[PDB]
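First up is the structure itself, then whatever we jot down about it.
Here, residue 1 is the first one in the sequence, and each next residue gets the next number. Just so it is clear, the values below take in all heavy atoms, side chains as well, and ignore hydrogens, waters and symmetry mates. Ligands are counted one by one from 1 in listed order, and the atoms in each one are counted from 1 as well.
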Amino acid sequence: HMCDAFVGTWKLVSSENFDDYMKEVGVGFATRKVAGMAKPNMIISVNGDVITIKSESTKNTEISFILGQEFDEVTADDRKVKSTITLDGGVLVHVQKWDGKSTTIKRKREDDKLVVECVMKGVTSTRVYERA
Ligand SMILES: O=C(O)[C@H]1CCCN1C(=O)Nc1sc2c(c1-c1nc(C3CC3)no1)CCCC2
């Protein structure tokens, strides 16, 4: 019953500061513009200890992982990162490390929304998803 409140299909309904977050991460102009237009669906499922998070839009990406166990991830902007995802007080905390840099993506349930907060140095972006 780990992560039950996260499981399902979620659709993006609002975004703030995502371009600036992508700039900070180092995403190039064309990818920022196309990514910024996307209205992804996020599909979260659990089977045993394995959590799967898919992002589907007009790129489709998927990660599967066990909490606390590092994995290699190729991100939507083609960074090759080492990722670890943990549950901290009900919040899924995803840390990505690459080339001496680090970014953290937090996913939390708030009312009927799933809120995704992305942070790189001083820059925070907030993305809000609702059930599909
Ligand atoms: O899951 C979320 O809400 C947030 C969590 C952080 C990533 N993220 C996205 O939505 N990333 C998305 S969605 C999408 C693209 C990217 C994309 N991210 C980045 C770098 C910032 C990582 N570069 O492209 C490009 C093409 C198709 C649609």
For [atom], closest protein heavy-atom neighbour:
{"atom": "atom 11 (N) of ligand 1", "result": "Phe18 CZ, 3.7 Å"}
{"atom": "atom 25 (C) of ligand 1", "result": "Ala35 CB, 3.4 Å"}
{"atom": "atom 27 (C) of ligand 1", "result": "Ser57 OG, 3.2 Å"}
{"atom": "atom 17 (C) of ligand 1", "result": "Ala76 CB, 3.6 Å"}

Heavy-atom closest contact (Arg79 atom, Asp77 atom, distance): NE-OD2, 2.8 Å
Taking atom NZ as the centre, does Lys54 end up with more than 12 heavy-atom neighbours from other residues, nucleotides or ligands that are less than 6.0 angstrom away? no
Give a yes or no on whether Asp4 atom CG has more than 12 heavy-atom contacts from other residues, nucleotides or ligands under 6.0 Å away. yes
Donor-acceptor pair, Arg109 side chain versus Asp111 backbone, under 3.5 Å? yes
Which ligand 1 atoms, with their elements, are less than 4.0 angstrom from a heavy-atom of [X]?
{"X": "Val27", "result": "20 (C)"}
{"X": "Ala38", "result": "28 (C)"}
{"X": "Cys118", "result": "5 (C), 6 (C)"}
{"X": "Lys59", "result": "27 (C)"}
{"X": "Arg127", "result": "2 (C), 3 (O), 4 (C), 9 (C), 10 (O)"}
{"X": "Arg79", "result": "20 (C), 22 (C)"}
{"X": "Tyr21", "result": "21 (C)"}
{"X": "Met22", "result": "21 (C)"}

Look up atom SG in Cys118 and atom CZ in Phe18, then write down how far apart they are to the nearest 0.5 Å. 6.0 Å
In terms of relative ring orientation, are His94 and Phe71 parallel, tilted or perpendicular, with 30° and 60° separating the classes? tilted
If we only count N/O pairs under 3.5 Å, is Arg107 in contact with ligand 1? no
Does the N or O separation between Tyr129 and ligand 1 drop below 3.5 Å for any pair? yes
Does a salt bridge link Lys80 with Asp72, judged by any charged N lying under 4.0 Å from a carboxylate O? no
Looking at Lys108 and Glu117, does any basic side-chain N land under 4.0 Å from a carboxylate oxygen? yes
As a quick check of understanding, evaluate side-chain contact (heavy atoms from CB on, under 4.5 Å) for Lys82 and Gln96, giving each step before the final call. CA-CA 6 Å; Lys82 286 185 183 298; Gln96 294 177 338; over 6 Å; no
To atom 20 (C) of ligand 1, the nearest of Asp78, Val34, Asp77 on a heavy-atom basis is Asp77
Going by heavy-atom distance to atom 13 (S) of ligand 1, choose the closest among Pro40, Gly28, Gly26, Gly36. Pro40
Checking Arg107 against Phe6: charged group under 6.0 Å from the ring centre and within 45 degrees of the axis? no
